[PDB]
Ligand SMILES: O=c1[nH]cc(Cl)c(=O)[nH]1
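Quick heads-up: it's one chain on its own, the form solved without the named molecule, in structure tokens.
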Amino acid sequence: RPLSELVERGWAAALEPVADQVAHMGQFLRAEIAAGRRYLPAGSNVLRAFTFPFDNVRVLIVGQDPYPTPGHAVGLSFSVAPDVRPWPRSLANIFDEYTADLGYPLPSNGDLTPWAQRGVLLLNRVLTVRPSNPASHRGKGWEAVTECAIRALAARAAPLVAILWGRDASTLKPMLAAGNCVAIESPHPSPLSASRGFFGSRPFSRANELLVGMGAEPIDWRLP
């Protein structure tokens, strides 16, 4: 299927330079199935981060690659489906920081769809993974896709705040710094860094301060 059928209209335009690379990744994914290998998330969720309006994105949260545990990854970085439990450790850690930073109670489930519908892009640098093998699809060609997404956002006039969780994420810092009105939160601890840099990092309140500072509206981070 062509790009415009896979993603939201603004995203289809922003990602038009990687239309060929997206088609090539679809061929890669068919070949993994033909070879007897599995991948996560489900085919229909791979590009799910780009099915919310491009024009509305004000915060970018970037992880490394999807959860490697079958049934966890749903196409939105760090999220899980509402009936998934226990939460993955990364997500439990994020939620601890959510409560500490903002003062809100613990969420009722692990579904970050509300963030996405409010203009947070929940991006992973690499958009698929082989089950139980983290970083197994690193260097297979998703990087050109996600680099294009990040450069297209950085090219807009509009304010953007980036939150880069981990080493793979943090490679995007110089691509982001190239744009005007782009602020990047540093340093770049992963939620699994836990008490060695992640807890107390205040990502959510910092994002909002930086957005207001740049004249944009803040994010409503509230989860039910």
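Superpose the two forms; the largest set of C-alphas matching within 1.5 Å is the rigid core. For every residue, the number given is its place in the sequence shown, counted from 1.
Enquirer: Could you settle it for me: does 6-14 or 199-207 have the higher average Cα B factor in the PDB entry?
Expert: 6-14 has the higher mean C-alpha B-factor.
Enquirer: Identify the stretch, either 56-64 or 176-184, whose C-alpha atoms have the larger mean B-factor according to the entry.
Expert: Per the PDB record, 176-184.
Enquirer: Maximum C-alpha temperature factor per the entry, among 40, 161, 155, 164, belongs to which one?
Expert: Top of the list by C-alpha B-factor: 155.
Enquirer: Compared with the other modelled residues in the chain, in which third is the CA B-factor of residue 73?
Expert: It belongs to the middle third of the chain when residues are ordered by C-alpha B-factor.
Enquirer: Looking at the entry's B-factor column for C-alpha atoms only, identify whether residue 47 ranks in the lowest, middle or highest third of its chain.
Expert: Lowest third, going by the recorded CA B-factors of the chain.
Enquirer: Can you tell me which third, lowest, middle or highest, the CA B-factor of residue 109 falls into for its chain?
Expert: For residue 109, the deposited C-alpha B-factor lands in the lowest third.
Enquirer: Quick one: classify residue 135 as lowest, middle or highest third of the chain based on its Cα B-factor.
Expert: Its C-alpha B-factor, which the entry lists for residue 135, ranks in the middle third among residues of this chain.
Enquirer: Using the B-factor values recorded in the entry, state whether the Cα atom of residue 101 falls in the lowest, middle or highest third among the modelled residues of its chain.
Expert: It belongs to the middle third of the chain when residues are ordered by C-alpha B-factor.
Below, we turn to the form deposited with the named molecule bound, even though it does not appear here.
Enquirer: Could you confirm whether residue 52 comes within 4.5 Å of the named molecule in the deposited bound form, counting heavy atoms only?
Expert: Close contact is absent here: in the deposited bound form, residue 52 is far from the named molecule, nothing within 4.5 Å, heavy atoms only.
Enquirer: Would you please decide whether residue 171 lies within 4.5 angstroms of the named molecule in the deposited bound form, comparing each non-hydrogen atom pair?
Expert: Residue-level check for residue 171: no, no contact with the named molecule.
Enquirer: Residue-level contact is defined here as any heavy atom of the residue lying within 4.5 Å of the named molecule in the deposited bound form; does residue 39 satisfy this criterion?
Expert: Heavy-atom contact with the named molecule at 4.5 Å: absent for residue 39.
Enquirer: Would residue 188 sit within 4.5 Å of the named molecule in the deposited bound form, counting heavy atoms only?
Expert: Residue 188: yes, in contact with the named molecule in the deposited bound form.
Enquirer: Within 4.5 Å of the named molecule in the deposited bound form - does that hold for a heavy atom of every one of 204, 218 and 221?
Expert: Judged in the deposited bound form, none of 204, 218 and 221 sits within 4.5 Å of the named molecule.
Enquirer: Thinking of the named molecule in the deposited bound form, which stretch from 151-159, 64-72, 179-187, 29-37 has heavy atoms inside 4.5 Å of it?
Expert: Looking at the other structure, the answer is 64-72.
Enquirer: Just give me the residues of 98-130, first to last, that have a heavy atom within 4.5 Å of the named molecule in the deposited bound form.
Expert: The stretch 98-130, when checked against the named molecule in the deposited bound form, contributes only 124 at the 4.5 Å heavy-atom cut-off.
Enquirer: With the core superposed, find the residue in 31, 192, 155, 42 that moves its CA 2 Å or more between this form and the one not shown.
Expert: Correct option: 192.
Enquirer: Core-aligned, is the CA shift for residue 182 between this form and the one not shown 2 angstroms or more?
Expert: Yes, the C-alpha moves 2 Å or more.
Enquirer: Using the form shown as baseline, tell whether residue 42 and residue 189 are closer or farther in Cα-Cα distance in the deposited bound form, where the change reaches 3 Å or more.
Expert: Those two alpha carbons end up closer in the deposited bound form.
Enquirer: What happens to the Cα distance from residue 188 to residue 211 in the deposited bound form: does it get closer or farther than here, with a change of 3 angstroms or more?
Expert: Compared with this form, residue 188 and residue 211 lie farther apart in the deposited bound form.
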